[PDB]
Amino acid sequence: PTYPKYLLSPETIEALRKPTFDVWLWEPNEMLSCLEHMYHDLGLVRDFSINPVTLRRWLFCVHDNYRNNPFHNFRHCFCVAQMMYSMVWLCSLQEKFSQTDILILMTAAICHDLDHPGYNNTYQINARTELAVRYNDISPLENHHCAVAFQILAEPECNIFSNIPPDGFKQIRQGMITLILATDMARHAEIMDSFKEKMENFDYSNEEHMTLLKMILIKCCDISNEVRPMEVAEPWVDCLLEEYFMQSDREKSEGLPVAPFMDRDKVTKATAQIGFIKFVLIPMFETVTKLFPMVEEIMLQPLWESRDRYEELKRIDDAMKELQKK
């Protein structure tokens, strides 16, 4: 008959390889089954002898350790892993990367925002939170996510790596750490430049060129909302701003500095996205497109449209303002 929801129709399994996938349709159960399938379909369960019963418990534990913030919640976790999935196929990555690196990318994506409390490192630092004091103002959140991720994998029951050798686990841990830490936006400028310097003369042989490439990929996935179709990506803005406004109120209310780009009184749906798209997103994917030309049409495409769409929407917001003292 109609089977249960956590059994995916081949139609789903098919549509899950795509960035056009609607992340909003599904509920935890199914997102978890979705992710679980990702690990079989990518040959990770086979090639690392992952216990399939462990793989489920891992994902339940991962889900539980994500918090219910407006933005930095399990669905974001899902989007990023799903987008990494989408790009494994789009960029034929399984050719260019070892199965270990694929495992790192996927596992990294999933774990990258674990137990995120809802307020960025600038709050953590300026408010001198336990986490800021603990990690000494060095990417405290990302360091924290990373820590949480491996606390989980240290449990025998959640340890998807339990049947990996120690030399392999070492190498995987080192890689996830690198990537998760790379999600810090303070380091965007820095990482983009290092990447852009290797792109002068890229070399898939070179381990350091590849490390950057992975860092770039996970960053691409971390902020990829606007690559998704307008209908899927429009509400995320309200989720982001809901969280960013939570922090700015708290910051105001505790006498702490307040970033203009998170200010309830200044930011509008459009002004949030235009600059972010034009100058962070596009230039990033522009470089990735050089390594992978197919990315232009799938990813830059929606971004240009989303740019245009918001740039206009801002003209109208401003036209309206102007009218209300004209």
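Start at 1 and count along the sequence shown; that's the residue number.
Review point. 197-205 versus 171-179: which one carries the higher mean Cα B factor per the record?
Key: Here the higher of the two C-alpha B-factor means belongs to 197-205.
Review point. Should the higher mean CA B-factor in the entry be assigned to 23-31 or to 276-284?
Key: Going by the record's values, the stretch with the higher mean is 23-31.
Review point. Per the coordinate record, which of the options 134, 116, 96, 214 holds the highest CA temperature factor?
Key: In the PDB entry, the greatest C-alpha B-factor among 134, 116, 96, 214 is found at 96.
Check your understanding: At the C-alpha atoms, which of 92, 73, 159, 129 reaches the highest B-factor in this entry?
Key -> Each of 92, 73, 159, 129 was compared by C-alpha B-factor; the highest is 92.
Review point. When the modelled residues of the chain are sorted by Cα temperature factor, does residue 166 land in the lowest, middle or highest third?
Key: According to the entry, residue 166 has a C-alpha B-factor in the chain's highest third.
**Study point:** Entry-reported Cα temperature factor of residue 138, expressed as the chain third it lands in
**Key:** Lowest third.
Check your understanding: Going by the entry, which third of its chain does the Cα temperature factor of residue 62 land in?
Key -> Lowest third - that is where residue 62 ends up once the chain's C-alpha B-factors are sorted.
Review point. Based on the entry's values, in what third of the chain does the Cα temperature factor of residue 226 lie: lowest, middle or highest?
Key: For residue 226, whose C-alpha B-factor we compare with every modelled residue in the chain, the answer is the middle third.
Practice item. Check where residue 259 lands among this chain's C-alpha B-factors and tell me if it's the lowest, middle or highest third. Key: Ranked within chain, residue 259 CA B lands in the highest tercile.
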